[PDB]
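Structural description and commentary
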Amino acid sequence: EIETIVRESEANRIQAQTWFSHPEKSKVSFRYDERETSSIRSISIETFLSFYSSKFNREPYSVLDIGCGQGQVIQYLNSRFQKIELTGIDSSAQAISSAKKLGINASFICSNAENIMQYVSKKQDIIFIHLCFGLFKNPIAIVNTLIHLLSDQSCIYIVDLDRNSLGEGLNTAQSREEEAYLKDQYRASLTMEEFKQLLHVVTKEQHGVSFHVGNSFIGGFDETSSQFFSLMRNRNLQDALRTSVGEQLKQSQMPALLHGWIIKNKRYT
Ligand SMILES: Nc1ncnc2c1ncn2[C@@H]1O[C@H](CSCC[C@H](N)C(=O)O)[C@@H](O)[C@H]1O
C-alpha cells in the first residue's frame, strides 16, 4: 500500500523540493525554517541524544545529518562534544558552502542523499533526518540505504510534517508566500498511519532492527510509555524545552509532527 502511496504522490514531493532549489523560493523557505523550526530542531537534537544514552548506556560516537542545510545541527553537536565524528549531506550547493564556512571538523557533502554510499562507508551511531523526508523522490530507497550505514548500536531519527496538521501549520505563516511554501510542503507529507506503514516496510526485512512512530512532542513517545520518562528526566532536554518555545505571546501555535525511530541493536554470536 505504502509503495503505491509513495509512487502516486511523487509529483507532490517534486513540487515541495522547488522551495529549496531555486534562489528566490529558497529565501522564503530559509526564513520560515529558521524563524519557526529552530527551536524544534534543538528539542529534536536533545531528544536523540537523550534517547541514545538511555537505550545504549553510552554516548554516540558518530552522527550523520541528512538534509543538513547550512550545518546548524552539526555545529550544535560540535560544541557539545569534544570528540565526535560528524557528517552532513545536502543536495543544495549553497547550503553546503555555508556549512563549510563554519570551519568545523566535520565532513560536509553536496549530493542527493540517494548517493550517500558513494561518499560514506563508516557506520553511524545516529542518522538524523529532520524536516526533509517528504522532499525525497524515493524515501523508501533512501531509508533502506541508510539502514546499511547503521552501526551496532544505532538509530535513525526522522522528524517530519504530519499531513493532518495542515491547518495548524498555516497559522504559523507570516506572509502569503510562506502560506504557499507550507501548502506545498504539506501536500508532500504523510499521515501518521502511512508513516508507520513506511517504517514497517523498511524494518521487518532487517535483523536486530525495531521501530517506533508517534505524534508526542517528545520523540513521539506516549506520556505513559517508558522512553518518555527517561526523556522527561533529562537535564539537557529540560534545558532545551525551557528556552526554545519559551517566549511570552500567550499561545505557541504548535502543529504536531511525526516522529519516527529505526533502532538497531545487533546481537553477536
Ligand atoms: N535528495 C536530497 N538529498 C539531500 N538533501 C536534500 C534532498 N532534497 C532536499 N534536500 C535538502 O533538505 C533541506 C530541507 S530544509 C533543511 C532541513 C534541515 N534538516 C533542518 O532541520 O533545518 C534543504 O537544505 C534541501 O536542500
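Residues numbered from 1 in each chain as written, not as in the entry; some residues may be left out. Heavy atoms only, no water. Residues with missing side-chain atoms left out of burial classes, pairs and counts.

For this entry, the PDB record names X-ray crystallography as the structure determination method and reports a resolution of 1.75 Å.

The name given to the protein in the PDB entry is BamL, and the organism recorded there is Bacillus amyloliquefaciens. Recorded in the entry header as its title is "Crystal structure of the plantazolicin methyltransferase BamL in complex with SAH".

Counting residues in hydrophobic clusters, the biggest one holds 42 residues, and the most contacted among them are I45, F48, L77, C155 and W261. At eight residues, the largest contribution of residues to this core is made by helix 4 (residues 38–56). Residues in contact with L77, not counting those within four places in the same chain, are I45, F48, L49, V63, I84 and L86. (Core = buried A, V, L, I, M, F, W, Y, C linked by side-chain atoms within 4.5 Å. Buried < 20%, exposed > 50% of the residue type's maximum accessible area, 1.4 Å probe, protein only. Helix = DSSP H or I, 4+ residues; strand = E, 2+ residues; numbered from the N terminus. Contact = heavy atoms within 4.5 Å.)

In this structure, the largest pocket encloses a volume near 1000 Å³. Along its surface, the largest pocket is lined by 41 residues, and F20, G69, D90, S92 and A95 are the ones closest to its centre. Sorting the residues of the lining of the largest pocket by element identifies helix 2 (10–21), helix 3 (23–36), strand 1 (62–66), helix 5 (72–80), strand 2 (85–90) and helix 6 (93–100) as the ones contributing at least two each. It is helix 3 that contributes the most residues to the lining of the largest pocket, seven residues altogether. Grouping the constituent residues of the lining of the largest pocket by class yields 16 nonpolar, 17 polar and eight charged. Counted as a void, the second largest pocket has a volume near 770 Å³. (1 Å grid on protein atoms, 1.4 Å probe; cavity = no way out; pocket = protein on both sides within 12 Å on 5 of 7 lines; lining within 4 Å. Points joined across faces, edges and corners; volume = space filled by probe spheres on them. Nonpolar A, V, L, I, M, F, W, Y, C, P; charged D, E, K, R; others polar.)

On to the UniProt feature "binding site: S-adenosyl-L-homocysteine" (unreviewed entry) in the protein. The feature "binding site: S-adenosyl-L-homocysteine" (unreviewed entry), as given by UniProt, occupies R41, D90, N112 and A113 in the numbering adopted here. In the annotation above, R41, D90, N112 and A113 are the residues that line the largest pocket. Relative to the assigned elements, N112 resides in the loop between strand 3 (107–110) and strand 4 (124–130). In this structure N112 touches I89, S91, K137 and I142, once residues within four positions along its chain are discounted. A polar atom in the side chain of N112 sits 2.9 Å from the backbone nitrogen of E114. Turning to its location among the elements, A113 is positioned in the loop between strand 3 and strand 4. Residues within four places of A113 in sequence aside, it is in contact with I66, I89, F136 and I142. (UniProt positions renumbered as here; feature names shortened; annotations may be inferred. Polar contact = N/O pair within 3.5 Å; in protein donor to acceptor, adjacent residues only side chain to side chain.)

Here we take up the pairing of strand 1. Most of strand 1 sits out of view: five of its five residues are buried. Alternating residues of strand 1 divide into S62, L64 and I66 and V63 and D65, and every residue in both groups is buried. With five bridges connecting them, strand 1 and strand 2 associate as parallel partners. In the sheet register, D65 faces strand 2, and the bridge partner there is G88. Handedness of the β-α-β unit built from strand 1, helix 5 and strand 2 comes out right-handed. (Pairing = 2+ DSSP bridges. Right-handed = clockwise from strand over helix to strand, strands pointing away.)

Surrounding the ligand, one finds 17 residues, the nearest of these being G67, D90, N112, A113 and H130. The separation between an oxygen atom of the ligand and a polar side-chain atom of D90 is 2.6 Å. Within the backbone of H130, one N or O atom sits 2.8 Å away from a nitrogen atom of the ligand. One can see that the ligand is located within the largest pocket. Partitioning the shell around the ligand into residue classes produces six nonpolar, eight polar and three charged. (Near = heavy atom within 4 Å. Sits in = over half its atoms within 2 Å of the grid points.)

Before going further, it helps to spend a moment on the packing of helix 2 against helix 9 (residues 176–187). Running from N to C, helix 2 and helix 9 point in directions that differ by 140°, and their axes come no closer than 7 Å. As summarised for this structure, helix 2 and helix 9 are arranged oblique, according to the angle between their axes. The element helix 2 and its partner helix 9 pack so that their crossing is left-handed. From helix 2, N12, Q15, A16, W19 and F20 reach across to helix 9, where they touch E177, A180, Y181, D184, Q185 and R187. Residue composition of the contact of helix 2 with helix 9, by class: five nonpolar, three polar and three charged. (Axes fitted to C-alpha atoms, helices over the stretch in contact; angles between N-to-C directions. Parallel < 35°, antiparallel > 145°, perpendicular 65-115°, else oblique. Left-handed = near helix turned anticlockwise from the far one by under 90°.)

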